[PDB]
J.: 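Okay, here's the structure, questions in a sec.
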Amino acid sequence: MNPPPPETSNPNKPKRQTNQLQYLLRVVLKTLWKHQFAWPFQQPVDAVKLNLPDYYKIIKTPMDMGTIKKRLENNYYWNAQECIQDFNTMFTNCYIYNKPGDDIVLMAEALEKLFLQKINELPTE
Ligand SMILES: O=C(O)c1cc(/N=N/c2ccc(S(=O)(=O)Nc3ccccn3)cc2)ccc1O
């Protein structure tokens, strides 16, 4: 059985808009979402649909780009680092659950390399 997805909104959290958060949504998330390998990462891992009955026994901090998109859009993140950490969690979850050399690991590695290229150009101020 799948867990509920990660929280994406909280009416009590303070909100702010920074140039880095705007770039994370309008550039970073947008670019990764369109990538040829993005589709397995566009929504929470559905262990029932995918027949992965051990997924949530191994992965205790699930994360995905659909969740990250919602967090950015809802102003859930206060610090750009929170969003960067969620992307890192997504990539590392793939490396944890799978094994070196698996196709899905190669795909995650390619998305991670593109992610690092884009966050290298995070704006200042
Ligand atoms: O949930 C998903 O959508 C999901 C998708 C997965 N896709 N695996 C794939 C998807 C595509 C390919 S591929 O046809 O493009 N071949 C490839 C791709 C990269 C490197 C080497 N070979 C190879 C494996 C693997 C696990 C998953 O859970």
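Nothing fancy with the numbering, it's 1 onward along the sequence. Read the numbers this way: they start at 1 and go in the same order the structure lists the ligands and their atoms. We use all heavy atoms of the structure for the numbers below, so side chains are in, but hydrogens, waters and symmetry mates are not.
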J.: In terms of residue, atom name and distance, what is the protein heavy atom nearest to atom 21 (C) of ligand 1?
T.: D103 OD1, 3.1 Å
J.: At what distance is the nearest protein heavy atom to atom 5 (C) of ligand 1, and which residue and atom is it?
T.: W39 CH2, 3.4 Å
J.: Starting from atom 1 (O) of ligand 1, find the nearest protein heavy-atom neighbour and note its residue, name and distance.
T.: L50 CD1, 3.1 Å
J.: Just need the protein heavy atom nearest to atom 26 (C) of ligand 1, so name the residue and atom and give the distance.
T.: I104 CG1, 4.2 Å
J.: Is the terminal nitrogen or CZ of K13 (NZ for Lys, CZ for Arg) located under 6.0 angstrom from the six-membered ring centre of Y76 and within 45° of that ring's axis?
T.: yes
J.: So, do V45 and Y56 sit near enough that their side-chain heavy atoms are less than 4.5 Å apart?
T.: yes
J.: Do the side-chain N and O atoms of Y55 and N2 include a donor-acceptor pair separated by under 3.5 angstrom?
T.: no
J.: Check whether the side chains of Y77 and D86 place a donor and an acceptor atom closer than 3.5 Å, and report yes or no.
T.: yes
J.: Is there at least one protein heavy-atom neighbour under 4.0 Å from atom 24 (C) of ligand 1?
T.: yes
J.: Is the distance between the ring centroids of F91 and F41 less than 6.0 Å?
T.: no
J.: Would you check if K99 and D102 make a side-chain contact, meaning some heavy-atom pair closer than 4.5 Å?
T.: yes
J.: Please check atom 13 (S) of ligand 1 for a protein heavy-atom neighbour under 4.0 Å.
T.: no
J.: Just checking, any donor-acceptor pair under 3.5 angstrom between side chains of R71 and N10?
T.: no
J.: Got the closest protein heavy atom to atom 11 (C) of ligand 1, with its distance?
T.: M107 SD, 4.0 Å
J.: Can you tell me the protein heavy atom closest to atom 15 (O) of ligand 1 and the distance?
T.: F37 CE2, 4.4 Å
J.: Return the closest protein heavy atom for atom 4 (C) of ligand 1 as residue, atom name and distance.
T.: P40 CB, 3.8 Å
